[PDB]
Amino acid sequence: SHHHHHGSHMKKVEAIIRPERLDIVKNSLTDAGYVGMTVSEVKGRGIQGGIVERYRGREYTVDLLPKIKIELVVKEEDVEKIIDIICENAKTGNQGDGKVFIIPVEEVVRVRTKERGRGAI
Amino acid sequence: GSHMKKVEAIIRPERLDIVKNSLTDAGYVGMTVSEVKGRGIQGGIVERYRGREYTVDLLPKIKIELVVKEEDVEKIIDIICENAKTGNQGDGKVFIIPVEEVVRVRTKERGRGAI
Amino acid sequence: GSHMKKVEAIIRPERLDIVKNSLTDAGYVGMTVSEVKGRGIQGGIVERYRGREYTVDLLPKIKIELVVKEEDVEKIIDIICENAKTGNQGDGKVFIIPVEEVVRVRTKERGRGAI
Ligand SMILES: Nc1ncnc2c1ncn2[C@@H]1O[C@H](COP(=O)(O)OP(=O)(O)OP(=O)(O)O)[C@@H](O)[C@H]1O
Ligand SMILES: Nc1ncnc2c1ncn2[C@@H]1O[C@H](COP(=O)(O)OP(=O)(O)OP(=O)(O)O)[C@@H](O)[C@H]1O
Ligand SMILES: Nc1ncnc2c1ncn2[C@@H]1O[C@H](COP(=O)(O)OP(=O)(O)OP(=O)(O)O)[C@@H](O)[C@H]1O
Ligand SMILES: O=C(O)CCC(=O)C(=O)O
Ligand SMILES: O=C(O)CCC(=O)C(=O)O
Ligand SMILES: O=C(O)CCC(=O)C(=O)O
Ligand SMILES: [Cl-]
Ligand SMILES: [Mg+2]
Ligand SMILES: [Mg+2]
Ligand SMILES: [Mg+2]
């Protein structure tokens with residue numbers, strides 16, 4: 001017995017990774033056919049708030065570290081494969097390896113031709 | 001809906017002033033500019049040296065971001081495309097991303113009046 | 001909804017350390033910082049040389065991005081505004097952008113627990 005009770009299909013993959021994993025990540029994405037990408041130099045910290053460096057028996061926090069931002073605007077159906085590639089290639093087994101954010105994209109336009117939408121990705 | 005959007009455009013470094021000035025002339029002034037590298041669908045360019053070839057797969061580009069009233073987006077797309085284009089692969093790409101809220105730091109004004 | 005958002009704020013370079021420390025003290029630590037240039041609605045500043053005026057239409061700024069749990073957005077807006085403001089045009093702007101998914105690279109943990 002039971003008691004009665006009361007799209008664009010486009011996305012932006014924004015990932016922060018270590019500088020020394022950029023070429024590995026880029027090459028795996030390229031090999032898989034996910035080519036269009038924008039890369040930025042950034043600084044960051046994750047939930048641990050940076051690292052501690054020692055000098056003359058004293059600890060000093062370094063609360064921003066060099067990182068690389070990659071952005072790929074993609075067809076929605078490609079997001080999970082790209083997440084997988086980024087994670088597999090960026091990981092090293094150490095805190096600081098990176099984070100991926102998925103952000104909606106409502107429109108894409110290629111400048112040269114004014115093509116719009118998924119065909120412009 | 002918020003009726004605000006973010007226009008994120010990647011253009012050639014030599015078209016930054018042209019595009020910025022054209023936007024300004026049309027009254028679309030608030031903007032954030034970043035130096036980036038990138039490649040589009042062709043995966044870069046091929047450079048020749050000493051009988052060899054090398055693919056340069058990230059090239060200098062400029063990112064402009066304008067957070068704008070939604071009803072201005074198409075006009076801004078048109079200005080960016082007209083002024084960034086050169087007829088050559090690599091001219092750029094424009095992305096439109098939703099923005100839910102905007103706050104001006106100095107006065108704490110929020111929404112479309114803070115654009 | 002995902003109940004996750006991106007706080008993207010542009011602030012003065014000389015207010016970064018103050019803002020970052022206040023965010024840290026409130027427990028909002030994960031953050032990405034970029035060097036950018038920008039102008040707001042006034043279109044830059046005027047610099048004088050030999051009694052002539054010249055427009056400087058992009059100035060150095062700092063971008064901070066925090067991807068956060070939605071329930072923290074208003075407090076973070078408050079912190080950024082209170083710490084970044086100086087009473088002068090140019091103090092900054094905050095944008096809130098939806099985030100549909102977050103993944104921690106090292107472990108592949110996803111969602112709000114990965115923030
Ligand atoms: N919530 C967040 N918002 C914005 N940027 C972030 C966030 N979390 C991480 N980042 C960026 O990603 C980079 C790498 O983060 P990191 O790998 O340290 O994340 P984490 O959550 O601390 O995981 P881990 O325990 O593996 O270190 C940071 O230096 C920062 O640039
Ligand atoms: N899908 C994408 N995601 C992220 N960034 C992109 C994407 N496509 C292009 N970009 C960025 O825009 C810049 C210019 O792209 P580009 O003009 O080469 O695009 P394209 O699709 O290859 O078109 P074209 O055939 O005109 O060259 C790239 O170098 C990169 O920074
Ligand atoms: N609509 C916008 N889109 C993108 N970036 C913006 C926008 N408005 C401001 N910015 C960025 O924020 C920075 C600071 O803007 P600013 O504080 O001058 O805003 P404002 O609207 O002109 O307010 P104020 O009257 O207090 O000066 C700019 O230099 C630019 O990097
Ligand atoms: O970024 C690193 O390499 C270590 C620091 C870290 O994991 C963090 O600040 O969250
Ligand atoms: O960016 C360029 O100038 C040429 C290369 C290009 O169009 C691309 O990589 O897609
Ligand atoms: O950014 C500054 O410090 C002053 C200029 C300004 O407020 C603007 O261009 O909107
Ligand atoms: Cl974004
Ligand atoms: Mg960490
Ligand atoms: Mg191209
Ligand atoms: Mg201003």
# chains A, B, ... in the order shown; residues from 1 in each chain; ligands from 1
$ residues_near_ligand --ligand "ligand 10" --cutoff "8 Å" --atoms "only C-alpha atoms and all ligand atoms" --output "ChimeraX atom specification"
/C:39-44,89-92
$ write_last_selection --atoms "N, CA, C and O atoms" --output "PDB file, in the first residue's frame"
ATOM      1  N   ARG C  39      38.400  49.615 -19.062  1.00  0.00           N
ATOM      2  CA  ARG C  39      37.798  50.943 -18.837  1.00  0.00           C
ATOM      3  C   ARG C  39      36.318  50.695 -18.559  1.00  0.00           C
ATOM      4  O   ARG C  39      35.767  49.687 -19.019  1.00  0.00           O
ATOM      5  N   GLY C  40      35.758  51.542 -17.716  1.00  0.00           N
ATOM      6  CA  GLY C  40      34.346  51.547 -17.421  1.00  0.00           C
ATOM      7  C   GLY C  40      33.617  52.559 -18.259  1.00  0.00           C
ATOM      8  O   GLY C  40      34.020  52.884 -19.383  1.00  0.00           O
ATOM      9  N   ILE C  41      32.512  53.072 -17.701  1.00  0.00           N
ATOM     10  CA  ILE C  41      31.630  53.899 -18.493  1.00  0.00           C
ATOM     11  C   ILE C  41      32.243  55.244 -18.838  1.00  0.00           C
ATOM     12  O   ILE C  41      31.792  55.886 -19.790  1.00  0.00           O
ATOM     13  N   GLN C  42      33.250  55.708 -18.085  1.00  0.00           N
ATOM     14  CA  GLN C  42      33.858  56.990 -18.402  1.00  0.00           C
ATOM     15  C   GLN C  42      34.903  56.903 -19.508  1.00  0.00           C
ATOM     16  O   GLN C  42      35.349  57.951 -19.985  1.00  0.00           O
ATOM     17  N   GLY C  43      35.277  55.701 -19.962  1.00  0.00           N
ATOM     18  CA  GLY C  43      36.145  55.548 -21.120  1.00  0.00           C
ATOM     19  C   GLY C  43      37.605  55.846 -20.871  1.00  0.00           C
ATOM     20  O   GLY C  43      38.340  56.157 -21.811  1.00  0.00           O
ATOM     21  N   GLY C  44      38.037  55.748 -19.625  1.00  0.00           N
ATOM     22  CA  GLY C  44      39.424  55.935 -19.281  1.00  0.00           C
ATOM     23  C   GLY C  44      39.621  57.245 -18.571  1.00  0.00           C
ATOM     24  O   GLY C  44      38.702  57.799 -17.955  1.00  0.00           O
ATOM     25  N   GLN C  89      35.778  56.795  -9.034  1.00  0.00           N
ATOM     26  CA  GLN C  89      35.483  56.121 -10.280  1.00  0.00           C
ATOM     27  C   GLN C  89      36.641  55.203 -10.633  1.00  0.00           C
ATOM     28  O   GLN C  89      37.813  55.566 -10.479  1.00  0.00           O
ATOM     29  N   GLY C  90      36.316  53.992 -11.068  1.00  0.00           N
ATOM     30  CA  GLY C  90      37.322  52.990 -11.394  1.00  0.00           C
ATOM     31  C   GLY C  90      37.440  51.872 -10.381  1.00  0.00           C
ATOM     32  O   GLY C  90      38.282  50.993 -10.553  1.00  0.00           O
ATOM     33  N   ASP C  91      36.625  51.906  -9.316  1.00  0.00           N
ATOM     34  CA  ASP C  91      36.780  50.965  -8.218  1.00  0.00           C
ATOM     35  C   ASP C  91      36.473  49.523  -8.611  1.00  0.00           C
ATOM     36  O   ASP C  91      36.913  48.601  -7.904  1.00  0.00           O
ATOM     37  N   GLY C  92      35.666  49.285  -9.638  1.00  0.00           N
ATOM     38  CA  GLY C  92      35.456  47.902 -10.057  1.00  0.00           C
ATOM     39  C   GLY C  92      34.025  47.539 -10.372  1.00  0.00           C
ATOM     40  O   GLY C  92      33.087  48.341 -10.236  1.00  0.00           O
TER      41      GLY C  92
END
$ interface_residues --of "chain C" --to "chain B" --cutoff "9 Å" --atoms "only C-alpha atoms" --output "VMD selection string"
chain C and resid 10 to 11 34 to 43 58 61 63 77 to 78 80 to 82 84 to 98
$ residues_around --residues "residue B:4" --least-positions-apart "3" --cutoff "6 Å" --atoms "only C-alpha atoms" --output "PyMOL selection string"
chain B and resi 68-70+99
$ interface_residues --of "chain A" --to "chain C" --cutoff "12 Å" --atoms "only C-alpha atoms" --output "ChimeraX atom specification"
/A:11-18,21,25,40-50,63-69,76,79-80,82-105
$ select_by_dssp --residues "stretch 30-99 of chain A" --states "helix (DSSP H, G or I)" --output "JSON, numbers by chain"
{"A": [30, 31, 32, 76, 77, 78, 79, 80, 81, 82, 83, 84, 85, 86, 87, 88, 89, 90]}
$ atom_distance --atom1 "atom 26 (O, counted along the ligand's line) of ligand 2" --atom2 "atom CA of residue A:110"
6.3 Å
$ select_by_dssp --residues "chain C" --states "strand (DSSP E or B)" --output "ChimeraX atom specification"
/C:4-11,31-39,45-49,52-56,59-69,92-98,101-104,110
$ atom_distance --atom1 "atom CA of residue A:107" --atom2 "atom CA of residue A:10"
7.7 Å
$ atom_distance --atom1 "atom CA of residue A:112" --atom2 "atom CA of residue B:71"
23.4 Å
$ closest_residue --among "A:118, A:37, A:72, A:51" --to "ligand 4" --atoms "only C-alpha atoms and all ligand atoms"
A:51
$ residues_around --residues "residue A:120" --least-positions-apart "5" --cutoff "7 Å" --atoms "only C-alpha atoms" --output "VMD selection string"
chain A and resid 108 to 110 115
$ write_last_selection --atoms "N, CA, C and O atoms" --output "mmCIF file, in the first residue's frame"
data_model
loop_
_atom_site.group_PDB
_atom_site.id
_atom_site.type_symbol
_atom_site.label_atom_id
_atom_site.label_comp_id
_atom_site.auth_asym_id
_atom_site.auth_seq_id
_atom_site.Cartn_x
_atom_site.Cartn_y
_atom_site.Cartn_z
ATOM 1 N N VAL A 108 27.669 31.514 -30.668
ATOM 2 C CA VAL A 108 29.030 31.559 -31.189
ATOM 3 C C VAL A 108 28.999 32.163 -32.579
ATOM 4 O O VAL A 108 28.167 31.775 -33.406
ATOM 5 N N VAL A 109 29.947 33.039 -32.880
ATOM 6 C CA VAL A 109 30.043 33.643 -34.210
ATOM 7 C C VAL A 109 31.495 33.641 -34.653
ATOM 8 O O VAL A 109 32.369 34.145 -33.948
ATOM 9 N N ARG A 110 31.754 33.086 -35.835
ATOM 10 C CA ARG A 110 33.084 33.145 -36.434
ATOM 11 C C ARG A 110 33.250 34.489 -37.132
ATOM 12 O O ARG A 110 32.422 34.876 -37.964
ATOM 13 N N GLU A 115 29.580 33.076 -39.804
ATOM 14 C CA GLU A 115 28.848 31.868 -39.454
ATOM 15 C C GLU A 115 28.559 31.868 -37.958
ATOM 16 O O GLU A 115 29.372 32.302 -37.146
#
$ closest_residue --among "B:8, B:18, B:2, B:75" --to "residue A:38" --atoms "only C-alpha atoms"
B:8
